[PDB]
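Asks: my complex, first installment, coordinates as in the assembly:
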Amino acid sequence: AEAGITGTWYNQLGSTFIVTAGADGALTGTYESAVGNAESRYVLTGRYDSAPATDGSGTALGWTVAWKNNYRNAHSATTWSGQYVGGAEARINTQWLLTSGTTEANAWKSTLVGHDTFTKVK
């Protein structure tokens, strides 16, 4: 939790996420996607369990990114739900949901699901 989450992480797609975990569960930072209709950095906000468990369990967290910045607007948002595992080789394992804004008719195909693993090394 806290101390260990803050920093720069990289996932297998080459995206970068920089976060600051605050004392009381908040997560703030920027995300730069290596793929998709995105350019540069986007703002992210989230929450994490600041009082994780005796035991060697992971810390649960989640964050969101709306794919709109000053360069592009993809009219979509991604939320990543996962857990942080610290240690020699700390990682954040997640599953994500990417929803695009659609018309009611195309709503059945509005969401992509995937998973990303983030490490401190890339």
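Replies: Alright, I've got the coordinates. Residues are numbered from 1 along each chain as shown, chains lettered A, B, ... in the order given.
Asks: residues near the closest residue to residue A:115 other than its chain neighbours, how many?
Replies: Among residues not flanking residue A:115 along the chain, residue A:95 sits closest, at 4.8 Å (C-beta to C-beta, 6 or more residues apart in numbering). In this view, the C-beta of every residue, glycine as well, is placed from N, C-alpha and C. Number of residues near residue A:95 (other C-beta atoms under 10 Å) recorded here: 12.
Asks: so what's residue A:95 up against?
Replies: Shown in contact with residue A:95 (C-beta atoms under 8 Å, 6 or more residues apart in numbering): A:80-82, A:113-115.
Asks: can you redo those residues as TSV with distance to residue A:121 and neighbour count?
Replies: Output for those, formatted as TSV (distance: C-beta to C-beta, whole Å; neighbours: other C-beta atoms under 10 Å):
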residue	distance to residue A:121	neighbour count
A:80	19	25
A:81	23	13
A:82	18	21
A:113	26	8
A:114	21	12
A:115	19	12
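Asks: Of the residues you listed, just say which sits nearest to residue A:68.
Replies: residue A:80 (17.3 Å; C-beta to C-beta).
Asks: Report the strands that pair with the strand or helix carrying the closest one, each with its relative direction.
Replies: If you go by DSSP states H and E, residue A:80 is part of strand A:73-85. Strand A:73-85 pairs in its sheet with strand A:59-68 (antiparallel), strand A:91-100 (antiparallel), by DSSP bridges.
Asks: Buried residues, the first one. List them.
Replies: Across strand A:59-68, burial judged by 16 or more other C-beta atoms under 10 Å covers A:59, A:61, A:63-65, A:67.
Asks: And those residues, which is closest to residue A:41?
Replies: Nearest to residue A:41 out of those is residue A:65 (C-beta to C-beta; 9.7 Å).
Asks: Tell me if I'm right that that closest one and residue A:96 touch.
Replies: No - here residue A:65 does not reach residue A:96: they are 9.5 Å apart, not a contact under C-beta atoms under 8 Å.
Asks: Overlap of the contact sets of those two?
Replies: Common neighbours of residue A:65 and residue A:96 are listed as residue A:78 (criterion: C-beta under 8 Å, 6+ apart).
Asks: picking that back up, list the buried residues of the strand holding residue A:80.
Replies: By 16+ other C-beta under 10 Å, the buried positions in strand A:73-85 come out as A:74, A:76-80, A:82-84.
Asks: okay, chain B goes in next:
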Amino acid sequence: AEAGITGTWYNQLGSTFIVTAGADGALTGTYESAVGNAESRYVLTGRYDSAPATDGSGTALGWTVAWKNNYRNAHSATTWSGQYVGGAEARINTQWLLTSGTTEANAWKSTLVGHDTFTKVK
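Replies: Let me add chain B to what's already shown:
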């Protein structure tokens, strides 16, 4: 977007979520789950597309809740990814991922997936 999202919403489980959408894509508020290991209100933070599309598409958004407050700590976090549809009958349709902090061994079963529909009326 913006104006229309702010307020109190209720989903089919009887949970309540109160949010304020800010001018530049931020979402802030509290969530009270009617089910699960939760008691009272939890803080939520998220993001939404403040510049949605000509067209009648939904606005994409997402938010997170870490299930830790002053009463309980479930060591879990939920992220909801969906879109807001305004109108006579405005709703927010979402899919969610609820991750619990586990030991590496039980990580395969760390995440629940579901969907919630929120309305302004309950």
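Asks: since we added chain B, can you redo the contacts of residue A:95?
Replies: By C-beta atoms under 8 Å, 6 or more residues apart in numbering or on different chains, the contact set of residue A:95 is A:80-82, A:113-115, B:97, B:99, B:111, B:113.
Asks: Can you pull the phi and psi angles for the residue lying farthest from the centre of chain A?
Replies: Largest separation from the mean C-alpha position in chain A: residue A:105, at 28.6 Å (C-alpha atoms, centre = their mean). As for residue A:105, its main-chain torsions (degrees, to the nearest 10) stand at phi -60, psi -50.
Asks: ok, now residue A:109?
Replies: Phi and psi for residue A:109, reported as degrees, to the nearest 10, are phi -110, psi 30.
Asks: Quick check: residue A:75 touching residue B:53?
Replies: Yes - under the criterion of C-beta under 8 Å, residue A:75 makes contact with residue B:53 at 5.6 Å.
Asks: Any buried residues in whichever helix or strand residue A:27 is part of, and which?
Replies: According to DSSP H and E, residue A:27 maps onto strand A:26-32. By 16 or more other C-beta atoms under 10 Å in any protein chain shown, the buried positions in strand A:26-32 come out as A:26-29, A:31-32.
Asks: what's the overlap in contacts for residue A:75 and residue B:53?
Replies: Between them, residue A:75 and residue B:53 share the contacting residues residue A:101, judged by C-beta under 8 Å, 6+ apart.
Asks: ok, back up a step: same for chain B: which of the buried residues of strand A:26-32 are within range?
Replies: Restricting these to those near chain B by C-beta under 8 Å from any C-beta of the partner chain leaves residue A:26.
Asks: what's the closest of the buried residues of strand A:26-32 to chain B?
Replies: Each of the buried residues of strand A:26-32 was checked against chain B using C-beta to the nearest C-beta; the closest is residue A:26, at 6.7 Å.
Asks: how much space between that closest one and residue A:46?
Replies: Residue A:26 sits 8 Å away from residue A:46, going by C-beta to C-beta, to the nearest Å.
Asks: Need the overlap of contacts for these two.
Replies: In contact with both residue A:26 and residue A:46: residue B:45, using C-beta under 8 Å, 6+ apart.
Asks: Check the secondary structure at residue A:108 for me.
Replies: helix (DSSP: H, G, I helix; E, B strand; the rest coil).
Asks: any idea how far it is from chain B?
Replies: When distance is defined by C-beta to the nearest C-beta, to the nearest Å, residue A:108 is 11 Å away from chain B.
Asks: Surely residue A:97 and residue B:79 touch.
Replies: Yes - in this structure, residue A:97 is within contact of residue B:79 by C-beta under 8 Å, at 7.1 Å.
Asks: mind adding chain C? sequence follows:
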Amino acid sequence: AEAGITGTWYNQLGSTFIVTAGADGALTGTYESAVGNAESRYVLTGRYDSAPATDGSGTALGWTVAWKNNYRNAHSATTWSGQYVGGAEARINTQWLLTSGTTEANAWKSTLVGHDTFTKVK
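Replies: Take a look at chain C, now in place beside the chains above:
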């Protein structure tokens, strides 16, 4: 389980699914999607818990459809995982994953996730 699953079901999109549940957990039938790149009927196969629980719980089941038939080939497959609830108003509540065949590069966006509710009445 068994007896009760067999028949024609309809979901909220207007798709039709006809299945036969066999004595030992098998599910067979055809699916006709009302949306997407599909035309006519596609073959489906799956499995269900033939020995469900004392109790009023649902029966777990799942099935798959590859979107290739004699009219079209969408190079995709959908799997529905859910449970059957019998009674006056029997329904099958599910969550589905629709994966399209992509090049390694676009694999992160290969899967859509959604949910469908099927009833015996449409």
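Asks: again for the contacts of residue A:95, since chain C is there now?
Replies: Neighbour list for residue A:95: A:80-82, A:113-115, B:97, B:99, B:111, B:113 [criterion: C-beta under 8 Å, 6+ apart].
Asks: what do you get if the cut-off is 7 Å, keeping everything else the same?
Replies: Residue A:95 sits next to A:81-82, A:113, A:115, B:97, B:111 when contact means C-beta atoms under 7 Å, 6 or more residues apart in numbering or on different chains.
Asks: Now whichever residue of chain A sits closest to chain C: closest residue in space, sequence neighbours ignored.
Replies: At 3.9 Å from chain C, residue A:113 is the closest residue in chain A, using C-beta to the nearest C-beta. Nearest non-adjacent residue to residue A:113, counting by C-beta to C-beta, 6 or more residues apart in numbering or on different chains: residue C:113, 3.9 Å away.
Asks: Let's test this: what are the backbone torsions at that neighbour?
Replies: The phi/psi pair for residue C:113 (degrees, to the nearest 10) reads phi -130, psi 140.
Asks: residues touching it, list them.
Replies: By C-beta under 7 Å, 6+ apart, the residues touching residue C:113 are A:97, A:111, A:113, B:95, C:95, C:97.
Asks: Switch these over to a markdown table; also include distance to residue A:19.
Replies: Shown next, in a markdown table, are the contacts of residue C:113 (distance: C-beta to C-beta, whole Å):
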| residue | distance to residue A:19 |
| --- | --- |
| A:97 | 19 |
| A:111 | 24 |
| A:113 | 22 |
| B:95 | 23 |
| C:95 | 29 |
| C:97 | 29 |
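Asks: quick one: which of these is nearest residue B:8?
Replies: For the contacts of residue C:113, the nearest to residue B:8 is residue B:95 (21.5 Å; C-beta to C-beta).
Asks: Can you report how many residues lie near residue A:89?
Replies: 9 (other C-beta atoms under 10 Å in any protein chain shown).
Asks: got the residues of chain A near chain C?
Replies: By the criterion of C-beta under 7 Å from any C-beta of the partner chain, the positions of chain A lying close to chain C are A:13, A:35, A:97, A:108-109, A:111-114.
Asks: rerun that using 8 Å as the cut-off
Replies: Those residues of chain A that sit near chain C, judged by C-beta under 8 Å from any C-beta, are A:13, A:35-36, A:97-98, A:105, A:108-109, A:111-114.
Asks: Just give the closest residue to residue A:68, not the sequence neighbours.
Replies: residue B:49 (5.2 Å).
Asks: Looks like the one you found contacts residue A:77 (just checking).
Replies: Yes - the criterion here is C-beta under 8 Å, and residue B:49 meets it with residue A:77 at 6.6 Å.
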